[PDB]
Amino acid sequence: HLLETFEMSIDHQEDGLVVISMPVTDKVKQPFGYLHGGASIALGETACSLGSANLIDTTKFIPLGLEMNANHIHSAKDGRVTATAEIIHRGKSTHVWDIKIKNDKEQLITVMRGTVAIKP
C-alpha cells in the first residue's frame, strides 16, 4: 500500500536488479517544493526490499530494512523518478544494495546504500 500511495510501478525485475519508478506529484513533494528527500528514499527502500524478497524463500524468511543511507544530489520538480537497485552483497543473513535514483533528464537525484536483514 505504500507502493499504491506513491503510485510506484515496477519497470523491471531480475535476480539482483530492480527498477521502480514513480510520478513526481504534489502528494510526494516538500513545501518549496521539490520531490521530498524522504519520498525518494522510500522508493529506494522499496526497490531493494522487493529485490531481496525475490532472492529468498519467502515462506520461510522475511526481508527487513536494517540500515539505509542516502546522499541527495539534484532536485526533482516534475515528471517521473526511477530507482535502480543493484545487489552488492547477497549474504545468508544480510543483503547490501546500491541504489541510484534519477529524473527524466537522467540526472542523479539520490544515491543510496541499503542493508536488508534476512530474518526467520
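Numbers follow the displayed sequence, beginning with 1.
As recorded in the PDB entry, 26-34 is the stretch of 26-34 and 72-80 with the greater mean C-alpha temperature factor. Across the options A42, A85, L64, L55, the residue with the most elevated CA B-factor in the record is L64. The residue among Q107, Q13, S21, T110 whose C-alpha atom has the highest B-factor in the PDB entry is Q107. Among the modelled residues of its chain, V116 has a C-alpha B-factor that falls in the lowest third according to the deposited record. Placement of the Cα temperature factor of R90 within the chain: middle third of the modelled residues, per the deposited record.
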